[PDB]
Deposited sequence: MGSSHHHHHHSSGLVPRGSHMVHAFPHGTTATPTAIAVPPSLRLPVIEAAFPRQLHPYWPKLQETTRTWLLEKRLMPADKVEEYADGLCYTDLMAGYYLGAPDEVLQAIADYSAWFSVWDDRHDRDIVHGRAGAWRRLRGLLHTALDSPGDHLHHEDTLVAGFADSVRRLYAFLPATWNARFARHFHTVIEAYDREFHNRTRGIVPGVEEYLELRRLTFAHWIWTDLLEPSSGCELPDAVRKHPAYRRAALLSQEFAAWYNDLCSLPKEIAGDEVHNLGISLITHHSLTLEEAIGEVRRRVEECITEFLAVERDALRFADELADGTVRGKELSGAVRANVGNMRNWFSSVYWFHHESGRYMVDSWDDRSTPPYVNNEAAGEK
């Protein structure tokens, strides 16, 4: 790891974890991409994150994660080609397929059909109230991708706070947070997952992942003159040099880690409180503990992914 990207606290205090299903995961996702014609003839990131997930849940999550990267690529291609109509039509179909995936399983657009299959499968694990929350969150993600389309085709660099708000949606913070719950086998009650310690631990895990991605791409994403990156917002609106922007993003990433360590303690104290001597409480306690454990695993999975992925 180059010194500008190295984070000793991750290396020393966040040991990597790997889900035992990882070998089958890689090839089964590749087979799904081929069968769905989503790439002409990433799973490790999920296998280091959703520890404890049932094999079938981890497979559905990995296929969705692979689909997501194929969507990011189509979005980028529509942007650089100025295909505003094609993007608008896709945007509309993803909104519709999210609410009615079965209707879109054999759509002419293979990206839409692949999306529908992955969502249909994710909808099969937990009650319909979880499905509705996933859908609510992902409708918001789609519209954030539309805002990025608008910004990038017009060459607009969002302000720092504007970007930070937008990135919580284009990175899909709340989708990865939602997916903790099928991974530990339990839809959490609103009073549990909205506990301030759970909420803050969940946020910091995703801010680390998004901002570290921005750090691992700032120099390349200048050069070619991009606009969506915390470092680019800092250079453009705060007159930072590239070196100054790298240091500022790095400090913000480092603070996510030590803020997370403090709130993790509170979240695990909350998990202890949930185990109140009843079976239901022990089950909720264990689900919270598992989910917070995987919020922690996201730090190390993301960190080492950026130094392994091409």
Non-modelled portions of the deposited polymer sequence, in sequence order: 1-37, 79-89, 359-382
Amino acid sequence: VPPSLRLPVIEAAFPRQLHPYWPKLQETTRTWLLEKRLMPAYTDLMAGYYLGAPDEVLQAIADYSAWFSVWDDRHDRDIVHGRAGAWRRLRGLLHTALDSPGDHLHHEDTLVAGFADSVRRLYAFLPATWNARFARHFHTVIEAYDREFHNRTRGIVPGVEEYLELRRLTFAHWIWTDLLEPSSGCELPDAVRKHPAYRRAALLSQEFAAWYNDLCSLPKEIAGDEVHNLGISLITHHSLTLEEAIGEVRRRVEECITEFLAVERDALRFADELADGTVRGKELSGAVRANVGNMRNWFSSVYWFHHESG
From here on, numbers count along this sequence of modelled residues.
Mean C-alpha temperature factor, higher of 73-81 and 161-169: 73-81
Ranked by mean Cα B-factor in the entry, 19-27 and 296-304, top stretch is 19-27
Top Cα B factor in the deposited entry, candidates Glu273, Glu259, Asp63, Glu56: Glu273
Looking at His228, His95, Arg133, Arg199, which has the biggest Cα B factor in the entry? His228
Looking at the entry's B-factor column for C-alpha atoms only, identify whether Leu45 ranks in the lowest, middle or highest third of its chain. middle
Is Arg154 in the lowest, middle or highest third of its chain when residues are ranked by C-alpha B-factor? highest
Using the temperature factors of the C-alpha atoms in this entry, rank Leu218 within its chain: lowest, middle or highest third. highest
Chain thirds of CA B-factor: placement of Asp190: highest
Taking only the Cα B-factors deposited for this chain, tell me whether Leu38 sits in the lowest, middle or highest third. highest
